[PDB]
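Data file: model_10.pdb. Format and content: PDB, N, CA and C atoms.
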```pdb
ATOM      1  N   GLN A  55      20.565 -48.415 -12.625
ATOM      2  CA  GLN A  55      21.946 -48.876 -12.788
ATOM      3  C   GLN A  55      21.975 -50.366 -12.559
ATOM      4  N   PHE A  56      22.872 -51.079 -13.250
ATOM      5  CA  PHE A  56      22.937 -52.534 -13.189
ATOM      6  C   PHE A  56      24.337 -52.973 -12.803
ATOM      7  N   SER A  57      24.448 -54.123 -12.174
ATOM      8  CA  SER A  57      25.751 -54.763 -11.995
ATOM      9  C   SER A  57      25.860 -55.978 -12.917
ATOM     10  N   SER A  58      27.001 -56.656 -12.906
ATOM     11  CA  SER A  58      27.060 -57.898 -13.670
ATOM     12  C   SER A  58      27.723 -59.002 -12.859
ATOM     13  N   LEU A  59      27.649 -60.220 -13.394
ATOM     14  CA  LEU A  59      28.184 -61.412 -12.753
ATOM     15  C   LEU A  59      29.266 -62.032 -13.622
ATOM     16  N   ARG A  60      30.340 -62.494 -12.981
ATOM     17  CA  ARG A  60      31.506 -63.043 -13.672
ATOM     18  C   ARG A  60      31.640 -64.520 -13.305
ATOM     19  N   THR A  61      31.452 -65.407 -14.286
ATOM     20  CA  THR A  61      31.296 -66.845 -14.049
ATOM     21  C   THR A  61      32.137 -67.610 -15.061
ATOM     22  N   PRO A  62      32.757 -68.735 -14.692
ATOM     23  CA  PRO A  62      33.523 -69.464 -15.721
ATOM     24  C   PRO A  62      32.654 -69.931 -16.872
ATOM     25  N   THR A  63      31.566 -70.643 -16.579
ATOM     26  CA  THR A  63      30.646 -71.145 -17.594
ATOM     27  C   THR A  63      29.491 -70.204 -17.897
ATOM     28  N   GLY A  64      29.235 -69.235 -17.031
ATOM     29  CA  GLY A  64      28.084 -68.381 -17.198
ATOM     30  C   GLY A  64      26.715 -68.965 -16.902
ATOM     31  N   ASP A  65      26.578 -69.871 -15.916
ATOM     32  CA  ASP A  65      25.253 -70.177 -15.366
ATOM     33  C   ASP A  65      25.062 -69.483 -14.021
ATOM     34  N   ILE A  66      23.970 -68.734 -13.910
ATOM     35  CA  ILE A  66      23.697 -67.867 -12.775
ATOM     36  C   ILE A  66      22.698 -68.468 -11.786
ATOM     37  N   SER A  67      22.275 -69.719 -11.980
ATOM     38  CA  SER A  67      21.151 -70.265 -11.212
ATOM     39  C   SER A  67      21.316 -70.115  -9.694
ATOM     40  N   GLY A  68      22.537 -70.247  -9.182
ATOM     41  CA  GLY A  68      22.768 -70.232  -7.746
ATOM     42  C   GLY A  68      22.985 -68.862  -7.123
ATOM     43  N   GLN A  69      22.440 -67.811  -7.734
ATOM     44  CA  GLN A  69      22.807 -66.434  -7.406
ATOM     45  C   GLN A  69      21.598 -65.528  -7.599
ATOM     46  N   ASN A  70      21.817 -64.220  -7.447
ATOM     47  CA  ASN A  70      20.735 -63.246  -7.456
ATOM     48  C   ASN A  70      20.967 -62.150  -8.490
ATOM     49  N   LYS A  71      19.873 -61.783  -9.157
ATOM     50  CA  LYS A  71      19.879 -60.921 -10.324
ATOM     51  C   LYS A  71      19.764 -59.460  -9.900
ATOM     52  N   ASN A  72      19.848 -58.557 -10.869
ATOM     53  CA  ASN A  72      19.556 -57.164 -10.591
ATOM     54  C   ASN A  72      18.092 -57.031 -10.224
ATOM     55  N   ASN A  73      17.801 -56.349  -9.122
ATOM     56  CA  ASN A  73      16.419 -55.962  -8.908
ATOM     57  C   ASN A  73      16.147 -54.714  -9.728
ATOM     58  N   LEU A  74      14.921 -54.228  -9.700
ATOM     59  CA  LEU A  74      14.604 -52.941 -10.303
ATOM     60  C   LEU A  74      14.067 -52.041  -9.199
ATOM     61  N   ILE A  75      14.842 -51.047  -8.796
ATOM     62  CA  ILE A  75      14.479 -50.212  -7.666
ATOM     63  C   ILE A  75      14.365 -48.801  -8.200
ATOM     64  N   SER A  76      13.148 -48.274  -8.244
ATOM     65  CA  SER A  76      12.964 -46.895  -8.671
ATOM     66  C   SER A  76      13.355 -45.911  -7.570
ATOM     67  N   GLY A  77      13.631 -44.679  -7.973
ATOM     68  CA  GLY A  77      13.744 -43.596  -7.030
ATOM     69  C   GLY A  77      13.214 -42.351  -7.710
ATOM     70  N   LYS A  78      13.021 -41.288  -6.921
ATOM     71  CA  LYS A  78      12.457 -40.054  -7.454
ATOM     72  C   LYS A  78      12.974 -38.859  -6.678
ATOM     73  N   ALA A  79      13.003 -37.713  -7.344
ATOM     74  CA  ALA A  79      13.327 -36.431  -6.733
ATOM     75  C   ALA A  79      12.088 -35.536  -6.756
ATOM     76  N   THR A  80      11.756 -34.940  -5.610
ATOM     77  CA  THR A  80      10.522 -34.180  -5.423
ATOM     78  C   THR A  80      10.798 -32.675  -5.379
ATOM     79  N   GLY A  81      10.139 -31.914  -6.271
ATOM     80  CA  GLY A  81      10.063 -30.465  -6.130
ATOM     81  C   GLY A  81       8.886 -30.041  -5.264
ATOM     82  N   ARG A  82       9.069 -28.976  -4.470
ATOM     83  CA  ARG A  82       8.040 -28.465  -3.558
ATOM     84  C   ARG A  82       7.836 -26.963  -3.756
ATOM     85  N   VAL A  83       6.720 -26.427  -3.265
ATOM     86  CA  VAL A  83       6.568 -24.973  -3.245
ATOM     87  C   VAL A  83       7.238 -24.450  -1.983
ATOM     88  N   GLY A  84       7.889 -23.276  -2.078
ATOM     89  CA  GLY A  84       8.492 -22.621  -0.929
ATOM     90  C   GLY A  84       7.529 -21.681  -0.216
ATOM     91  N   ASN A  85       8.087 -20.809   0.628
ATOM     92  CA  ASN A  85       7.256 -19.807   1.289
ATOM     93  C   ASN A  85       6.958 -18.642   0.341
ATOM     94  N   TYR A  86       6.056 -17.743   0.749
ATOM     95  CA  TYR A  86       5.901 -16.587  -0.118
ATOM     96  C   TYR A  86       7.014 -15.593   0.128
ATOM     97  N   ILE A  87       7.255 -14.742  -0.859
ATOM     98  CA  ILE A  87       8.112 -13.578  -0.694
ATOM     99  C   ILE A  87       7.192 -12.379  -0.819
ATOM    100  N   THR A  88       7.154 -11.526   0.213
ATOM    101  CA  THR A  88       6.149 -10.468   0.317
ATOM    102  C   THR A  88       6.794  -9.199   0.837
ATOM    103  N   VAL A  89       6.702  -8.108   0.084
ATOM    104  CA  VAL A  89       6.997  -6.792   0.628
ATOM    105  C   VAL A  89       5.690  -6.012   0.706
ATOM    106  N   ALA A  90       5.349  -5.539   1.907
ATOM    107  CA  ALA A  90       4.092  -4.853   2.198
ATOM    108  C   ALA A  90       4.336  -3.484   2.829
ATOM    109  N   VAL A  91       3.492  -2.497   2.499
ATOM    110  CA  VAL A  91       3.596  -1.137   3.033
ATOM    111  C   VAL A  91       2.199  -0.603   3.348
ATOM    112  N   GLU A  92       2.098   0.307   4.317
ATOM    113  CA  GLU A  92       0.824   0.980   4.575
ATOM    114  C   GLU A  92       1.068   2.430   4.988
ATOM    115  N   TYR A  93       0.130   3.307   4.654
ATOM    116  CA  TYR A  93       0.267   4.717   4.983
ATOM    117  C   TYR A  93      -1.116   5.334   5.158
ATOM    118  N   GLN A  94      -1.196   6.393   5.959
ATOM    119  CA  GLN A  94      -2.475   6.989   6.334
ATOM    120  C   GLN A  94      -3.034   7.820   5.185
ATOM    121  N   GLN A  95      -4.362   7.975   5.150
ATOM    122  CA  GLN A  95      -4.946   8.832   4.120
ATOM    123  C   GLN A  95      -4.399  10.248   4.222
ATOM    124  N   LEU A  96      -4.267  10.768   5.447
ATOM    125  CA  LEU A  96      -3.685  12.093   5.672
ATOM    126  C   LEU A  96      -2.327  12.237   4.991
ATOM    127  N   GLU A  97      -1.420  11.280   5.223
ATOM    128  CA  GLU A  97      -0.104  11.299   4.581
ATOM    129  C   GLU A  97      -0.216  11.398   3.068
ATOM    130  N   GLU A  98      -1.115  10.634   2.445
ATOM    131  CA  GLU A  98      -1.229  10.742   0.994
ATOM    132  C   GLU A  98      -1.684  12.132   0.576
ATOM    133  N   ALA A  99      -2.547  12.760   1.371
ATOM    134  CA  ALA A  99      -3.118  14.041   0.974
ATOM    135  C   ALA A  99      -2.057  15.135   0.978
ATOM    136  N   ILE A 100      -1.253  15.211   2.044
ATOM    137  CA  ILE A 100      -0.295  16.294   2.191
ATOM    138  C   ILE A 100       1.185  15.915   1.976
ATOM    139  N   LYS A 101       1.587  14.619   2.048
ATOM    140  CA  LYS A 101       3.011  14.232   1.932
ATOM    141  C   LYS A 101       3.452  13.413   0.704
ATOM    142  N   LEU A 102       2.566  12.826  -0.091
ATOM    143  CA  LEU A 102       2.981  11.643  -0.852
ATOM    144  C   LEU A 102       3.281  11.836  -2.340
ATOM    145  N   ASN A 103       3.484  13.056  -2.829
ATOM    146  CA  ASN A 103       3.775  13.260  -4.254
ATOM    147  C   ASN A 103       4.809  12.261  -4.793
ATOM    148  N   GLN A 104       4.601  11.830  -6.045
ATOM    149  CA  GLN A 104       5.468  10.859  -6.739
ATOM    150  C   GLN A 104       5.453   9.474  -6.102
ATOM    151  N   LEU A 105       4.281   8.969  -5.734
ATOM    152  CA  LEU A 105       4.242   7.682  -5.052
ATOM    153  C   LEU A 105       4.672   6.568  -5.994
ATOM    154  N   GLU A 106       4.318   6.700  -7.273
ATOM    155  CA  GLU A 106       4.794   5.814  -8.331
ATOM    156  C   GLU A 106       6.281   5.531  -8.220
ATOM    157  N   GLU A 107       7.086   6.585  -8.078
ATOM    158  CA  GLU A 107       8.542   6.490  -8.084
ATOM    159  C   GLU A 107       9.152   6.148  -6.732
TER     160      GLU A 107
ATOM    161  N   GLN B  55      14.497   2.064   0.493
ATOM    162  CA  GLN B  55      14.900   0.658   0.569
ATOM    163  C   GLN B  55      13.932  -0.124   1.435
ATOM    164  N   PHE B  56      13.586  -1.327   0.994
ATOM    165  CA  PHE B  56      12.519  -2.136   1.577
ATOM    166  C   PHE B  56      13.060  -3.436   2.163
ATOM    167  N   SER B  57      12.165  -4.238   2.734
ATOM    168  CA  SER B  57      12.508  -5.574   3.230
ATOM    169  C   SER B  57      11.256  -6.447   3.242
ATOM    170  N   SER B  58      11.437  -7.760   3.401
ATOM    171  CA  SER B  58      10.340  -8.679   3.112
ATOM    172  C   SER B  58      10.093  -9.744   4.186
ATOM    173  N   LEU B  59       8.829 -10.160   4.279
ATOM    174  CA  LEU B  59       8.336 -11.228   5.138
ATOM    175  C   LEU B  59       8.300 -12.554   4.389
ATOM    176  N   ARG B  60       8.548 -13.659   5.116
ATOM    177  CA  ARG B  60       8.476 -15.021   4.570
ATOM    178  C   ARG B  60       7.434 -15.810   5.350
ATOM    179  N   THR B  61       6.310 -16.132   4.706
ATOM    180  CA  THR B  61       5.165 -16.788   5.338
ATOM    181  C   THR B  61       4.856 -18.057   4.556
ATOM    182  N   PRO B  62       4.433 -19.156   5.203
ATOM    183  CA  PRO B  62       4.048 -20.333   4.395
ATOM    184  C   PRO B  62       2.781 -20.110   3.579
ATOM    185  N   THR B  63       1.762 -19.458   4.144
ATOM    186  CA  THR B  63       0.496 -19.229   3.450
ATOM    187  C   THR B  63       0.330 -17.822   2.882
ATOM    188  N   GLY B  64       1.253 -16.902   3.129
ATOM    189  CA  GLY B  64       1.008 -15.523   2.760
ATOM    190  C   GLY B  64       0.188 -14.722   3.745
ATOM    191  N   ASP B  65       0.013 -15.188   4.988
ATOM    192  CA  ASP B  65      -0.804 -14.483   5.982
ATOM    193  C   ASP B  65       0.080 -13.516   6.771
ATOM    194  N   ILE B  66      -0.071 -12.214   6.504
ATOM    195  CA  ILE B  66       0.772 -11.182   7.105
ATOM    196  C   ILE B  66       0.074 -10.435   8.243
ATOM    197  N   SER B  67      -1.079 -10.925   8.723
ATOM    198  CA  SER B  67      -1.963 -10.166   9.626
ATOM    199  C   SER B  67      -1.245  -9.500  10.803
ATOM    200  N   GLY B  68      -0.447 -10.253  11.557
ATOM    201  CA  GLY B  68       0.017  -9.721  12.829
ATOM    202  C   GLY B  68       1.387  -9.063  12.902
ATOM    203  N   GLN B  69       1.935  -8.559  11.795
ATOM    204  CA  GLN B  69       3.377  -8.313  11.721
ATOM    205  C   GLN B  69       3.706  -6.854  11.384
ATOM    206  N   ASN B  70       5.006  -6.592  11.180
ATOM    207  CA  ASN B  70       5.530  -5.251  10.933
ATOM    208  C   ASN B  70       5.729  -5.053   9.443
ATOM    209  N   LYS B  71       5.093  -4.030   8.897
ATOM    210  CA  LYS B  71       5.308  -3.719   7.502
ATOM    211  C   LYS B  71       6.525  -2.804   7.383
ATOM    212  N   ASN B  72       6.878  -2.460   6.155
ATOM    213  CA  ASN B  72       7.904  -1.465   5.942
ATOM    214  C   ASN B  72       7.443  -0.105   6.413
ATOM    215  N   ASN B  73       8.410   0.719   6.803
ATOM    216  CA  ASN B  73       8.162   2.122   7.088
ATOM    217  C   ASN B  73       8.744   2.933   5.950
ATOM    218  N   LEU B  74       8.042   3.982   5.562
ATOM    219  CA  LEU B  74       8.576   4.910   4.586
ATOM    220  C   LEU B  74       9.339   5.995   5.330
ATOM    221  N   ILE B  75      10.596   6.220   4.940
ATOM    222  CA  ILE B  75      11.443   7.236   5.560
ATOM    223  C   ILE B  75      12.196   7.929   4.443
ATOM    224  N   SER B  76      12.135   9.258   4.404
ATOM    225  CA  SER B  76      12.707  10.037   3.314
ATOM    226  C   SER B  76      13.953  10.781   3.772
ATOM    227  N   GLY B  77      15.040  10.669   3.004
ATOM    228  CA  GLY B  77      16.188  11.536   3.143
ATOM    229  C   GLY B  77      16.282  12.488   1.959
ATOM    230  N   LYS B  78      17.229  13.427   2.050
ATOM    231  CA  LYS B  78      17.502  14.378   0.977
ATOM    232  C   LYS B  78      18.971  14.761   1.002
ATOM    233  N   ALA B  79      19.527  15.059  -0.173
ATOM    234  CA  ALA B  79      20.870  15.610  -0.313
ATOM    235  C   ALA B  79      20.784  17.105  -0.604
ATOM    236  N   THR B  80      21.692  17.888  -0.037
ATOM    237  CA  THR B  80      21.617  19.335  -0.189
ATOM    238  C   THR B  80      22.901  19.866  -0.816
ATOM    239  N   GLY B  81      22.784  20.997  -1.516
ATOM    240  CA  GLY B  81      23.953  21.667  -2.055
ATOM    241  C   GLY B  81      23.751  23.165  -1.990
ATOM    242  N   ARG B  82      24.872  23.897  -1.947
ATOM    243  CA  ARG B  82      24.886  25.299  -1.544
ATOM    244  C   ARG B  82      25.516  26.187  -2.614
ATOM    245  N   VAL B  83      25.707  27.480  -2.344
ATOM    246  CA  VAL B  83      26.506  28.355  -3.201
ATOM    247  C   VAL B  83      27.818  28.662  -2.490
ATOM    248  N   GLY B  84      28.887  28.813  -3.273
ATOM    249  CA  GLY B  84      30.185  29.187  -2.757
ATOM    250  C   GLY B  84      30.400  30.686  -2.792
ATOM    251  N   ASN B  85      31.662  31.081  -2.763
ATOM    252  CA  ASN B  85      31.969  32.494  -2.861
ATOM    253  C   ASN B  85      31.924  32.933  -4.324
ATOM    254  N   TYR B  86      32.097  34.234  -4.582
ATOM    255  CA  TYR B  86      32.331  34.583  -5.969
ATOM    256  C   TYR B  86      33.779  34.330  -6.346
ATOM    257  N   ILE B  87      34.002  34.204  -7.642
ATOM    258  CA  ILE B  87      35.320  34.279  -8.242
ATOM    259  C   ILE B  87      35.333  35.565  -9.050
ATOM    260  N   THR B  88      36.257  36.476  -8.742
ATOM    261  CA  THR B  88      36.262  37.815  -9.333
ATOM    262  C   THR B  88      37.669  38.186  -9.758
ATOM    263  N   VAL B  89      37.833  38.652 -10.985
ATOM    264  CA  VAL B  89      39.063  39.312 -11.399
ATOM    265  C   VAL B  89      38.699  40.700 -11.911
ATOM    266  N   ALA B  90      39.384  41.742 -11.406
ATOM    267  CA  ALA B  90      39.075  43.144 -11.702
ATOM    268  C   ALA B  90      40.323  43.949 -12.061
ATOM    269  N   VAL B  91      40.238  44.811 -13.086
ATOM    270  CA  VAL B  91      41.350  45.671 -13.498
ATOM    271  C   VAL B  91      40.862  47.109 -13.676
ATOM    272  N   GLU B  92      41.798  48.032 -13.908
ATOM    273  CA  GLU B  92      41.472  49.433 -14.200
ATOM    274  C   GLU B  92      42.660  50.104 -14.886
ATOM    275  N   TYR B  93      42.412  51.263 -15.484
ATOM    276  CA  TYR B  93      43.445  52.010 -16.189
ATOM    277  C   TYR B  93      42.858  53.333 -16.654
ATOM    278  N   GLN B  94      43.742  54.297 -16.914
ATOM    279  CA  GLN B  94      43.378  55.679 -17.220
ATOM    280  C   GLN B  94      43.042  55.863 -18.692
ATOM    281  N   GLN B  95      42.087  56.752 -18.980
ATOM    282  CA  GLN B  95      41.763  57.051 -20.376
ATOM    283  C   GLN B  95      43.009  57.438 -21.168
ATOM    284  N   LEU B  96      43.928  58.177 -20.551
ATOM    285  CA  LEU B  96      45.151  58.545 -21.249
ATOM    286  C   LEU B  96      45.971  57.314 -21.610
ATOM    287  N   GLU B  97      46.131  56.369 -20.674
ATOM    288  CA  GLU B  97      46.830  55.116 -20.983
ATOM    289  C   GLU B  97      46.194  54.386 -22.156
ATOM    290  N   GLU B  98      44.867  54.400 -22.277
ATOM    291  CA  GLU B  98      44.255  53.678 -23.387
ATOM    292  C   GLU B  98      44.633  54.295 -24.724
ATOM    293  N   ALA B  99      44.676  55.628 -24.782
ATOM    294  CA  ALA B  99      44.892  56.335 -26.038
ATOM    295  C   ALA B  99      46.307  56.126 -26.576
ATOM    296  N   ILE B 100      47.333  56.274 -25.726
ATOM    297  CA  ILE B 100      48.730  56.246 -26.158
ATOM    298  C   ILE B 100      49.500  54.982 -25.766
ATOM    299  N   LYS B 101      48.914  54.027 -25.032
ATOM    300  CA  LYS B 101      49.685  52.878 -24.512
ATOM    301  C   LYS B 101      49.120  51.481 -24.738
ATOM    302  N   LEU B 102      47.864  51.228 -24.394
ATOM    303  CA  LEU B 102      47.379  49.856 -24.453
ATOM    304  C   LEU B 102      46.948  49.596 -25.881
ATOM    305  N   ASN B 103      47.813  48.920 -26.617
ATOM    306  CA  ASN B 103      47.523  48.423 -27.944
ATOM    307  C   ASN B 103      47.515  46.909 -27.811
ATOM    308  N   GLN B 104      46.680  46.251 -28.599
ATOM    309  CA  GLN B 104      46.429  44.839 -28.369
ATOM    310  C   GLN B 104      45.804  44.610 -27.004
ATOM    311  N   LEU B 105      44.845  45.460 -26.632
ATOM    312  CA  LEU B 105      44.173  45.272 -25.356
ATOM    313  C   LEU B 105      43.514  43.897 -25.287
ATOM    314  N   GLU B 106      42.886  43.449 -26.379
ATOM    315  CA  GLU B 106      42.249  42.136 -26.370
ATOM    316  C   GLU B 106      43.229  40.971 -26.296
ATOM    317  N   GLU B 107      44.493  41.139 -26.695
ATOM    318  CA  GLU B 107      45.473  40.095 -26.395
ATOM    319  C   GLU B 107      45.888  40.143 -24.936
TER     320      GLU B 107
END
```

Could you quickly redo this structure as structure tokens?
Amino acid sequence: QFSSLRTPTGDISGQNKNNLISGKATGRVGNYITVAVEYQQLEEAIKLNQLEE
Amino acid sequence: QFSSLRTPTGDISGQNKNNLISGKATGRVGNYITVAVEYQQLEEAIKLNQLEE
């Protein structure tokens, strides 16, 4: 973005110009999202029908 | 229904996983619905005409 100067004759020698100042926006990685489950071999053998569903 | 852990590296070693817990809905039988009639053979012969109406 720039500003301007308002002068009767338009000589700017006694003054200061626009600088050029960069800026930036940073994207980052977040935390993981994790759903975890565990079950005993016994449970799968006798309890676990339809585990898919 | 499940829930989730939030880790910076994905390291879940020391924590609580989901538990599997099963519910069920049940339904039963009610009473009968019964309508019952009777009538004499003589009534059928000389009286009940349009029985199906």

Report, as AutoDock Vina command-line options, the centre and edge lengths in Å (one decimal) of the axis-aligned box enclosing every listed atom of stretch 74-84 of chain B, padded by 6 Å on each side.
```
--center_x 19.2 --center_y 17.3 --center_z 1.1 --size_x 34.4 --size_y 38.7 --size_z 20.8
```

Shell of 10 Å around stretch 67-82 of chain A, only C-alpha atoms, local chain residues under 3 positions omitted, as a list in words: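 My list of contacting residues is residues 55, 56, 57, 58, 59, 64 and 85 of chain A.
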
Computed after least-squares fitting of chain A to chain B on all C-alpha atoms in order, what is the RMSD in Å?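 The fitted C-alpha deviation between chain B and chain A is 2.3 Å.
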
Report, in Å to a single decimal, how far apart atom CA of residue B:60 and atom CA of residue A:107 are.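 Separation between atom CA of residue A:107 and atom CA of residue B:60: 25.0 Å.
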
Atom CA of residue A:101 to atom CA of residue B:83: how many Å, to one decimal?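 Distance between the two atoms: 27.9 Å.
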
Selection result for the ChimeraX specification (/B :<7) & /A on this file, as a list in words: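 Matching residues under the ChimeraX specification (/B :<7) & /A are residues 84, 85, 86, 87, 88, 89, 90, 91 and 92 of chain A.
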
Which of chain B DSSP labels strand (DSSP E or B), written as a CSV table (one decimal) with N, CA and C atoms, in the coordinates of the input:
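Produced file result_22.csv, reproduced below:
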```
chain,number,residue,atom,x,y,z
B,59,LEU,N,8.8,-10.2,4.3
B,59,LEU,CA,8.3,-11.2,5.1
B,59,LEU,C,8.3,-12.6,4.4
B,60,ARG,N,8.5,-13.7,5.1
B,60,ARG,CA,8.5,-15.0,4.6
B,60,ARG,C,7.4,-15.8,5.4
B,61,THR,N,6.3,-16.1,4.7
B,61,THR,CA,5.2,-16.8,5.3
B,61,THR,C,4.9,-18.1,4.6
B,72,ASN,N,6.9,-2.5,6.2
B,72,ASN,CA,7.9,-1.5,5.9
B,72,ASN,C,7.4,-0.1,6.4
```

Helix (DSSP H, G or I) positions in chain B, given as a VMD selection string: chain B and resid 95 to 100
